[PDB]
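Okay, structure first, notes after.
Each chain gets a letter, A, B and so on, in the order the sequences are listed, and its residues count up from 1.
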Amino acid sequence: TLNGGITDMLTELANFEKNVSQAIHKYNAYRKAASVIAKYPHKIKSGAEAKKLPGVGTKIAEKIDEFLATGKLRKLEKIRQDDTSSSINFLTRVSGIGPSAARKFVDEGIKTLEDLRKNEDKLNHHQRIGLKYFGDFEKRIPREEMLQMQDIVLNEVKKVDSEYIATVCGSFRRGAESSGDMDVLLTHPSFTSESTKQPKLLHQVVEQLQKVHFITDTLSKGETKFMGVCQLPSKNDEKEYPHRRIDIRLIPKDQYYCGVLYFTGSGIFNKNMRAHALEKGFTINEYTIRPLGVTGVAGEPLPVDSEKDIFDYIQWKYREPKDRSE
DNA sequence: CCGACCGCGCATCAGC
DNA sequence: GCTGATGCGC
DNA sequence: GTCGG
Ligand SMILES: Nc1nc(C[C@H]2C[C@H](O)[C@@H](COP(=O)(O)OP(=O)(O)OP(=O)(O)O)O2)c(NC=O)c(=O)[nH]1
Ligand SMILES: [Ca+2]
Ligand SMILES: [Ca+2]
Ligand SMILES: [Ca+2]
Ligand SMILES: [Cl-]
Ligand SMILES: [Cl-]
Ligand SMILES: [Cl-]
Ligand code: NA
Ligand code: NA
Ligand code: NA
Ligand code: NA
């Protein structure tokens, strides 16, 4: 890509601020700067040319000047050399180990994959499954496999109740040739913003997918969100497929368009769009878009019949899923 | 200069 | 047990 | 770290 070297650098800086510094606003600041540079359609020639972009300020402009002249960033070179930063950045790659847990583990002397595998008793349930599938979870999922996964989920949900609708969102819905994981939005007519006329609507679907050996593990599970692990079936004498992360979100059926907008993303796109919503006097979540009054208190939910209706309210021209890949 | 930074589900824990 | 803060995740 | 006011 045109400015791959710059966007990798800013991403690495973002990950540092998140995992090591625990500086969530600097994490987001670097993430925004990398997103704006990633869509910029010219090979960047200077930090001043970059500073023209929104979210690229003086500090990042200087770093870009250093990177263009030398090919590297001294600040990152020292971060890479530091053992405590390096250890924390490694441990956070395990699902369920965050910045706080990573640092506590480093305090206890647990800081390699080997260390973790000797100390399962110190892990909670989520962290133990994340360690179990550490290698698998870092592999990408070819779109071809995403299509077989889709076919299984949709057909099994059909068997439980023909009135369920399951929609695969995330990067898959944005047209990616490969995805980090599978995200399934679920609706059923018995669950609306007005009533829950049936219990266990999510459980019954999880149960069916466990019964056919598609869902293999559970990281977390409540009434409306499932976070777990799944796996495609393999043929005779073939290696098994990698285990994959799956997220399932049950959304009230009358709030589908807000839900599918949220679950399609991207994450940075959602943040940019929600940040822009507030500037226009609205607040958007996965359920509703609501006006902000004179005091800053959210008003009642505005009518939505389409994804486009949401872009309209905040005066954005509609963007197809494939162009929301910020 | 400085306030504000997207919004929320589930798990875990301290205080009562 | 409950509630609110915090951790971690989407 | 960056931005709007
Ligand atoms: N509002 C908001 N939403 C999200 C997650 C949303 C948007 C994302 O497209 C969707 C699924 O998350 P996931 O991590 O699977 O991302 P996805 O875009 O599918 O990428 P990938 O799986 O890595 O190919 O939930 C965020 N997560 C990360 O940015 C976030 O920070 N803010
Ligand atoms: Ca995904
Ligand atoms: Ca996901
Ligand atoms: Ca495996
Ligand atoms: Cl911060
Ligand atoms: Cl909606
Ligand atoms: Cl709401
Ligand atoms: Na700028
Ligand atoms: Na992690
Ligand atoms: Na072991
Ligand atoms: Na197996």
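- Using a 4.0 Å heavy-atom distance criterion, A:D247 is classed as a sugar-phosphate-only contact.
- Dashed line: the shortest gap from a side-chain N or O of A:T283 to OP1 or OP2 of B:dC6 is not under 4.0 Å.
- Contact annotation for A:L53: backbone-only contact, meaning every heavy-atom pair under 4.0 Å involves sugar-phosphate atoms and none involves a base.
- With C1' as the reference atom, C:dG9 and B:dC6 are 15 Å apart, rounded to whole Å.
- Within the 4.0 angstrom heavy-atom criterion, only backbone atoms of the sugar-phosphate kind lie near A:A101; the bases stay farther away.
- Counting any heavy atom pair closer than 4.0 Å across all strands shown, A:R245 reaches sugar-phosphate atoms only and no base atom.
- At B:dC6, one or more side-chain N or O atoms of A:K271 fall inside 4.0 Å of OP1 or OP2 (strictly under the cut-off).
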* To do: Would you please test A:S95 and A:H126 for side-chain hydrogen bond (donor to acceptor under 3.5 Å, both in side chains) and show each step?
  => CA-CA 7 Å; A:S95 192; A:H126 182 158; 2.9 Å; yes
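- At the heavy-atom level, A:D183 lies under 4.0 Å from the strands shown only through sugar-phosphate atoms.
- Residue contacts for A:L278: at a heavy-atom cut-off of 4.0 Å it reaches the sugar-phosphate backbone alone, with no base atom in range.
- No engagement by A:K32 is indicated, since no non-hydrogen atom pair under 4.0 Å with the nucleic acid exists.
- When the P atom is used for both B:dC8 and D:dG1, the distance is 29 Å, rounded to whole Å.
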Trace of the side-chain hydrogen bond (donor to acceptor under 3.5 Å, both in side chains) decision for A:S325 with A:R174: CA-CA 7 Å; A:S325 253; A:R174 306 197 310 270; 3.1 Å; yes
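- Contact annotation: side chain of A:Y262 to base of C:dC10, donor-acceptor pair present below 3.5 Å.
- Between A:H25 and A:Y27, the distance from one ring center to the other does not fall under 6.0 angstrom.
- Among the atoms of the strands shown, none is found under 4.0 Å from any heavy atom of A:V36.
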Exercise. Show your reasoning for whether side-chain hydrogen bond (donor to acceptor under 3.5 Å, both in side chains) applies to A:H243 and A:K132.
Key: CA-CA 10 Å; A:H243 283 81; A:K132 188 180 178 189; over 6 Å; no
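- Residue contacts shown for A:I284 are limited to sugar-phosphate atoms, with no base heavy atom under 4.0 Å away.
- In this structure, A:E286 reaches the sugar-phosphate backbone alone: every heavy-atom distance under 4.0 Å involves primed, P, OP1 or OP2 atoms, never a base.
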- Does the salt bridge (charged side-chain N to carboxylate O under 4.0 Å, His left out) test come out yes or no for A:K43 and A:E49, once each step is laid out? CA-CA 10 Å; A:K43 175 167 163 189; A:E49 172 185 358; over 6 Å; no
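- C:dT6 atom P lies 22 Å from atom CD1 of A:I97, rounded to whole Å.
- Using a 4.0 Å heavy-atom criterion, one finds that A:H126 contacts the sugar-phosphate atoms exclusively.
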